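Chemist: Submitted below is the structure of interest, expressed as C-alpha cells.
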Amino acid sequence: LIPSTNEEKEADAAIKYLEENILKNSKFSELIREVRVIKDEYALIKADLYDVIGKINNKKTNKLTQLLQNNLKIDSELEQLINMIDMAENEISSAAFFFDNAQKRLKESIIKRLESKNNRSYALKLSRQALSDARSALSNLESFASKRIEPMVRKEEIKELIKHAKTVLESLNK
Amino acid sequence: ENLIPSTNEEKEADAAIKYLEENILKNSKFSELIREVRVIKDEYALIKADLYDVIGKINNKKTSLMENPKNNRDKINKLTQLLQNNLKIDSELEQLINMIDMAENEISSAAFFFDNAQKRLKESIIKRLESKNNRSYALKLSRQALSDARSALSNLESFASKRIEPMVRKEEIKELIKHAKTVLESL
C-alpha cells in the first residue's frame, strides 16, 4: 500500500509537504474554529459599535457629528474585515476538500495499479487455457481420425460371417 | 474498438486456433464430421440387430430340438458350435460399436474445446485491455492527487493571507470603540 510509481511519490511528497510544513499536526478542524473564533470576536465588535452609536445618536439632541462619519467609515472598514474573515473560511473549506481528495486519489491510484497487475495475470492464465483448449480439441480430432478405418474395413467381413451363419442354420432344416 | 491479439501468448493461441480453422475445418467441417460417424454407428446397429436376431432363431431351433436329444445329437452339436461362434462374433462386434461411440464422443469434445478455445482467447484480450485501462486510470489518479495537493496549498495561502489584516486591526478597533465610549460618559 506504499507509493512506488514516481507519479505516486511526487503526490505523496506534496501531501507530506502540507502535513509537515503548513498544517504541522493541526487538523483543518483546528483552523476552522480559529476562523470561527475571530468572526465571533468581530461579530461582537460591530454589535458594540452599533450599540454605542445607539448611545451618541440620542445624546447629540451640535458638538460632534464627525464621529457618526469617522465611525461609519469604520462600519465600512469593519464590513471589509468581516468579509475578509468570511472569505477566509471559504478558502479553508476548499483546502480541507482538495486535501482529503488528494489523499483518497493517492490510495486509489496505488490500488488501481495493483488491480491492473492482477487483471494482467488473469488475462495471461486465460490466454494459456486458450492454447491448452485448442490442443485438447486437436488431440481429440487426431484420436477420432485414427478410429475411422478399422470399422469400415471390418464391417463388410462381419456382414459376410453373418450372411454365412444364417446359411448353416437354414441347411440343418433339410 | 481494438480487439486484435498483441501479447506473445495471444498470438500463440490465435495462431493455434486459426490453424485448425483454415487448413482443417475448411478441409473438413464439424457437422459433416458428426454425420459421417452417425451413419456407420447406425450401420453397426443394424448388424448387431441382424446377429442378435439369428442367435434367437438358433437358440430357438436348439431349444425345441433338445426335446429329442438322442435322436438330434449331431443337429444340436452343429447348433451349439454355431451359437458359441456367434457370441465370439457378437463380442468383436461389441468393441467396434464402442470404438465408434468414442469416435462420436471424441469429435464432439473436439468441438467443445474448440468453442471454449475461441471464448477463452476473447476473454483474455478483454482482461488485457481491462488491465491496460486500469493502469492508465492509476496514472490519472496519481496526478489528480498532486493537482489536489496543490489546489489545497493555494487555498491555504489565500486563507492564511486573508485572515491577517482582520487579526491585526482587532484590538486596534476595540480600543478605538472604548476610547469613544468614555468620551460619551463625560461631555
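Each chain of the C-alpha cells is named A, B, ... in the order shown, its residues numbered from 1; ligands are numbered from 1 in display order.
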Find the residues around residue 54 (chain B) up to 10 Å (only C-alpha atoms counted), leave out those fewer than 6 positions away in its own chain, and share them as number ranges by chain.
Modeler: A: 162, 165-166, 169; B: 60, 83, 86
Chemist: Take the residues from that selection and put them in a file with N, CA and C atoms, as a PDB file, in the first residue's frame.
Modeler:
ATOM      1  N   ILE A 162     -21.898 -63.257 -40.913  1.00  0.00           N
ATOM      2  CA  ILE A 162     -23.331 -63.360 -40.535  1.00  0.00           C
ATOM      3  C   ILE A 162     -24.120 -63.883 -41.734  1.00  0.00           C
ATOM      4  N   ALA A 165     -23.573 -67.409 -41.384  1.00  0.00           N
ATOM      5  CA  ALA A 165     -24.117 -68.045 -40.167  1.00  0.00           C
ATOM      6  C   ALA A 165     -25.561 -68.507 -40.420  1.00  0.00           C
ATOM      7  N   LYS A 166     -26.351 -67.739 -41.170  1.00  0.00           N
ATOM      8  CA  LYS A 166     -27.813 -67.987 -41.283  1.00  0.00           C
ATOM      9  C   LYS A 166     -28.009 -69.035 -42.365  1.00  0.00           C
ATOM     10  N   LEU A 169     -27.685 -72.477 -40.601  1.00  0.00           N
ATOM     11  CA  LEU A 169     -28.947 -72.678 -39.835  1.00  0.00           C
ATOM     12  C   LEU A 169     -30.039 -73.181 -40.775  1.00  0.00           C
TER      13      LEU A 169
ATOM     14  N   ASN B  60     -33.504 -70.957 -30.511  1.00  0.00           N
ATOM     15  CA  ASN B  60     -34.883 -71.489 -30.528  1.00  0.00           C
ATOM     16  C   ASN B  60     -34.870 -72.849 -31.206  1.00  0.00           C
ATOM     17  N   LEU B  83     -23.786 -71.395 -32.350  1.00  0.00           N
ATOM     18  CA  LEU B  83     -24.201 -70.380 -31.352  1.00  0.00           C
ATOM     19  C   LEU B  83     -22.968 -69.810 -30.634  1.00  0.00           C
ATOM     20  N   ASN B  86     -21.267 -67.358 -32.684  1.00  0.00           N
ATOM     21  CA  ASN B  86     -21.906 -66.043 -32.886  1.00  0.00           C
ATOM     22  C   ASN B  86     -21.684 -65.173 -31.647  1.00  0.00           C
TER      23      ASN B  86
END
Chemist: Quick one: pick out all alpha helix (DSSP H) residues within region 48-85 of chain B from a backbone DSSP run and write them as a PyMOL selection string.
Modeler: chain B and resi 48-65+73-85
Chemist: Could the residues in this selection be written to a file with C-alpha atoms, as a PDB file, in the first residue's frame?
Modeler:
ATOM      1  CA  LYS B  48     -25.872 -56.042 -34.130  1.00  0.00           C
ATOM      2  CA  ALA B  49     -29.629 -56.338 -34.777  1.00  0.00           C
ATOM      3  CA  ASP B  50     -29.053 -58.866 -37.580  1.00  0.00           C
ATOM      4  CA  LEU B  51     -26.796 -61.004 -35.251  1.00  0.00           C
ATOM      5  CA  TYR B  52     -28.989 -60.915 -32.099  1.00  0.00           C
ATOM      6  CA  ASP B  53     -31.855 -61.959 -34.446  1.00  0.00           C
ATOM      7  CA  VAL B  54     -30.006 -65.023 -35.819  1.00  0.00           C
ATOM      8  CA  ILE B  55     -28.870 -66.110 -32.318  1.00  0.00           C
ATOM      9  CA  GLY B  56     -32.514 -66.122 -31.159  1.00  0.00           C
ATOM     10  CA  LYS B  57     -33.514 -68.305 -34.154  1.00  0.00           C
ATOM     11  CA  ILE B  58     -30.503 -70.558 -33.278  1.00  0.00           C
ATOM     12  CA  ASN B  59     -31.279 -70.733 -29.548  1.00  0.00           C
ATOM     13  CA  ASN B  60     -34.883 -71.489 -30.528  1.00  0.00           C
ATOM     14  CA  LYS B  61     -34.179 -74.275 -33.063  1.00  0.00           C
ATOM     15  CA  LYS B  62     -31.781 -75.712 -30.423  1.00  0.00           C
ATOM     16  CA  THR B  63     -34.246 -75.349 -27.513  1.00  0.00           C
ATOM     17  CA  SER B  64     -37.028 -77.181 -29.467  1.00  0.00           C
ATOM     18  CA  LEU B  65     -34.645 -79.894 -30.804  1.00  0.00           C
ATOM     19  CA  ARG B  73     -27.358 -85.130 -31.411  1.00  0.00           C
ATOM     20  CA  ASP B  74     -25.319 -84.064 -34.495  1.00  0.00           C
ATOM     21  CA  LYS B  75     -28.022 -81.402 -35.249  1.00  0.00           C
ATOM     22  CA  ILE B  76     -27.674 -79.964 -31.691  1.00  0.00           C
ATOM     23  CA  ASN B  77     -23.813 -80.032 -31.881  1.00  0.00           C
ATOM     24  CA  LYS B  78     -23.774 -78.126 -35.223  1.00  0.00           C
ATOM     25  CA  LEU B  79     -26.208 -75.683 -33.493  1.00  0.00           C
ATOM     26  CA  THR B  80     -24.170 -75.279 -30.295  1.00  0.00           C
ATOM     27  CA  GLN B  81     -20.878 -74.732 -32.178  1.00  0.00           C
ATOM     28  CA  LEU B  82     -22.797 -72.262 -34.365  1.00  0.00           C
ATOM     29  CA  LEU B  83     -24.201 -70.380 -31.352  1.00  0.00           C
ATOM     30  CA  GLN B  84     -20.820 -70.297 -29.465  1.00  0.00           C
ATOM     31  CA  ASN B  85     -19.347 -68.871 -32.733  1.00  0.00           C
TER      32      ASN B  85
END
Chemist: With only C-alpha atoms as the counted atoms, please give the residues lying no more than 10 Å from region 108-118 of chain A, apart from itself and same-chain residues fewer than 3 positions off, as a ChimeraX atom specification.
Modeler: /A:1-5,7-8,102-105,121-124 /B:127-145
Chemist: Each residue of chain B lying at most 6 Å from chain A should get a row with its shortest atom-to-atom pair and the distance in Å to one decimal, counting only C-alpha atoms; could you produce that, ordered by chain and increasing number, as CSV?
Modeler:
residue,atom,partner,partner_atom,distance
B:9,CA,A:127,CA,5.9
B:10,CA,A:127,CA,5.6
B:13,CA,A:131,CA,4.6
B:103,CA,A:144,CA,4.9
B:106,CA,A:140,CA,5.2
B:107,CA,A:141,CA,6.0
B:110,CA,A:137,CA,4.0
B:113,CA,A:137,CA,4.8
B:114,CA,A:137,CA,5.4
B:117,CA,A:130,CA,4.4
B:120,CA,A:130,CA,5.0
B:121,CA,A:130,CA,5.3
B:124,CA,A:123,CA,4.2
B:127,CA,A:123,CA,4.9
B:128,CA,A:123,CA,5.5
B:131,CA,A:116,CA,4.2
B:134,CA,A:116,CA,5.4
B:135,CA,A:113,CA,5.3
B:138,CA,A:109,CA,4.1
B:141,CA,A:109,CA,5.0
B:142,CA,A:8,CA,5.2
B:145,CA,A:102,CA,4.1
B:146,CA,A:11,CA,4.4
B:148,CA,A:102,CA,4.9
B:149,CA,A:102,CA,5.4
B:152,CA,A:95,CA,4.4
B:155,CA,A:95,CA,5.2
B:156,CA,A:95,CA,5.9
B:159,CA,A:88,CA,4.6
B:162,CA,A:88,CA,5.7
B:163,CA,A:85,CA,5.8
B:166,CA,A:81,CA,5.4
Chemist: Atoms to include: N, CA, C and O atoms. Write the selected residues as a compact mmCIF listing (two decimals), in the first residue's frame.
Modeler:
# COMPACT_ATOMS: atom_id res chain seq x y z
N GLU B 9 1.48 -14.61 -26.11
CA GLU B 9 0.62 -15.76 -25.73
C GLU B 9 -0.69 -15.69 -26.50
O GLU B 9 -1.22 -16.76 -26.85
N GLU B 10 -1.20 -14.49 -26.74
CA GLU B 10 -2.42 -14.27 -27.55
C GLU B 10 -2.17 -14.77 -28.97
O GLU B 10 -3.02 -15.49 -29.51
N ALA B 13 -1.96 -18.66 -29.22
CA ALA B 13 -3.31 -19.25 -29.16
C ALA B 13 -4.08 -18.93 -30.44
O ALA B 13 -4.64 -19.86 -31.03
N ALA B 103 -15.38 -42.51 -30.84
CA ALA B 103 -15.20 -41.67 -32.00
C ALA B 103 -16.21 -40.53 -31.94
O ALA B 103 -15.76 -39.37 -31.89
N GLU B 106 -15.42 -38.31 -28.96
CA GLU B 106 -14.19 -37.52 -29.24
C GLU B 106 -14.60 -36.26 -30.02
O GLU B 106 -14.70 -35.17 -29.41
N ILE B 107 -14.87 -36.42 -31.32
CA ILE B 107 -15.27 -35.35 -32.28
C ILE B 107 -16.20 -34.34 -31.61
O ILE B 107 -16.10 -33.18 -31.94
N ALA B 110 -13.83 -32.43 -29.40
CA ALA B 110 -13.07 -31.60 -30.36
C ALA B 110 -13.76 -30.24 -30.47
O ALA B 110 -13.11 -29.21 -30.19
N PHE B 113 -13.89 -28.16 -26.85
CA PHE B 113 -12.58 -27.50 -26.63
C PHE B 113 -12.38 -26.34 -27.61
O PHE B 113 -11.91 -25.27 -27.16
N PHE B 114 -12.73 -26.54 -28.88
CA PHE B 114 -12.53 -25.55 -29.96
C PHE B 114 -13.37 -24.31 -29.67
O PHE B 114 -12.85 -23.22 -29.69
N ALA B 117 -11.80 -22.68 -26.43
CA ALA B 117 -10.62 -22.02 -27.03
C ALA B 117 -11.02 -20.61 -27.51
O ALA B 117 -10.53 -19.63 -26.96
N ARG B 120 -12.18 -18.44 -24.74
CA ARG B 120 -11.09 -18.25 -23.75
C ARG B 120 -10.19 -17.10 -24.22
O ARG B 120 -10.03 -16.14 -23.46
N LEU B 121 -9.68 -17.19 -25.44
CA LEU B 121 -8.93 -16.09 -26.10
C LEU B 121 -9.68 -14.76 -25.92
O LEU B 121 -9.16 -13.89 -25.21
N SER B 124 -9.50 -13.28 -22.50
CA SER B 124 -8.16 -12.78 -22.11
C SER B 124 -7.96 -11.36 -22.68
O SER B 124 -7.59 -10.47 -21.90
N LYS B 127 -9.56 -8.94 -20.67
CA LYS B 127 -8.84 -8.72 -19.39
C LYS B 127 -7.59 -7.88 -19.61
O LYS B 127 -7.26 -7.09 -18.70
N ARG B 128 -6.89 -8.08 -20.72
CA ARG B 128 -5.68 -7.27 -21.05
C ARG B 128 -6.13 -5.81 -21.12
O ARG B 128 -5.80 -5.05 -20.19
N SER B 131 -7.04 -4.45 -17.82
CA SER B 131 -5.85 -4.11 -17.01
C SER B 131 -5.10 -2.92 -17.64
O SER B 131 -4.62 -2.04 -16.90
N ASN B 134 -7.11 0.15 -16.62
CA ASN B 134 -6.91 0.36 -15.16
C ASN B 134 -5.57 1.04 -14.89
O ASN B 134 -5.62 2.07 -14.23
N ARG B 135 -4.46 0.52 -15.43
CA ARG B 135 -3.10 1.09 -15.22
C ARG B 135 -3.08 2.55 -15.66
O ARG B 135 -2.50 3.39 -14.94
N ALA B 138 -4.95 4.50 -12.97
CA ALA B 138 -4.00 4.58 -11.84
C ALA B 138 -3.12 5.83 -11.98
O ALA B 138 -2.91 6.57 -10.97
N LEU B 141 -5.07 9.13 -11.70
CA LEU B 141 -5.37 9.25 -10.26
C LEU B 141 -4.12 9.83 -9.58
O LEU B 141 -4.20 10.90 -8.95
N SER B 142 -2.98 9.18 -9.79
CA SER B 142 -1.69 9.60 -9.20
C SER B 142 -1.44 11.10 -9.47
O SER B 142 -0.72 11.73 -8.67
N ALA B 145 -4.39 13.57 -7.66
CA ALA B 145 -3.88 13.58 -6.26
C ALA B 145 -2.97 14.80 -6.06
O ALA B 145 -3.26 15.65 -5.22
N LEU B 146 -1.92 14.89 -6.87
CA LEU B 146 -0.95 16.01 -6.83
C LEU B 146 -1.67 17.34 -7.09
O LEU B 146 -1.43 18.30 -6.36
N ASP B 148 -4.72 18.09 -6.72
CA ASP B 148 -5.50 18.30 -5.49
C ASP B 148 -4.57 18.91 -4.44
O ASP B 148 -4.93 19.99 -3.94
N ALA B 149 -3.43 18.28 -4.18
CA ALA B 149 -2.44 18.72 -3.15
C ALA B 149 -2.02 20.19 -3.40
O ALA B 149 -1.74 20.95 -2.44
N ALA B 152 -4.96 22.68 -2.81
CA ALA B 152 -5.03 22.71 -1.34
C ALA B 152 -4.03 23.73 -0.80
O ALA B 152 -4.43 24.60 0.01
N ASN B 155 -5.14 27.30 -1.68
CA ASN B 155 -6.25 27.73 -0.80
C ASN B 155 -5.65 28.13 0.55
O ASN B 155 -5.87 29.28 1.01
N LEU B 156 -4.85 27.26 1.14
CA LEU B 156 -4.29 27.51 2.48
C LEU B 156 -3.57 28.85 2.55
O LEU B 156 -3.57 29.43 3.63
N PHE B 159 -6.22 31.59 2.32
CA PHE B 159 -6.74 31.57 3.70
C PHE B 159 -5.75 32.25 4.65
O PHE B 159 -6.16 33.06 5.45
N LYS B 162 -5.52 36.20 3.92
CA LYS B 162 -6.80 36.90 4.10
C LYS B 162 -7.03 37.18 5.59
O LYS B 162 -7.43 38.32 5.90
N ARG B 163 -6.72 36.25 6.48
CA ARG B 163 -7.01 36.45 7.92
C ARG B 163 -6.05 37.43 8.61
O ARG B 163 -6.26 37.66 9.81
N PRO B 166 -7.55 41.32 9.34
CA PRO B 166 -8.52 41.04 10.40
C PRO B 166 -7.88 40.81 11.77
O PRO B 166 -8.36 41.32 12.78
Chemist: By how many Å are CA of residue 153 (chain A) and CA of residue 112 (chain B) apart?
Modeler: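 For CA of residue 153 (chain A) relative to CA of residue 112 (chain B), the distance reads 29.2 Å.
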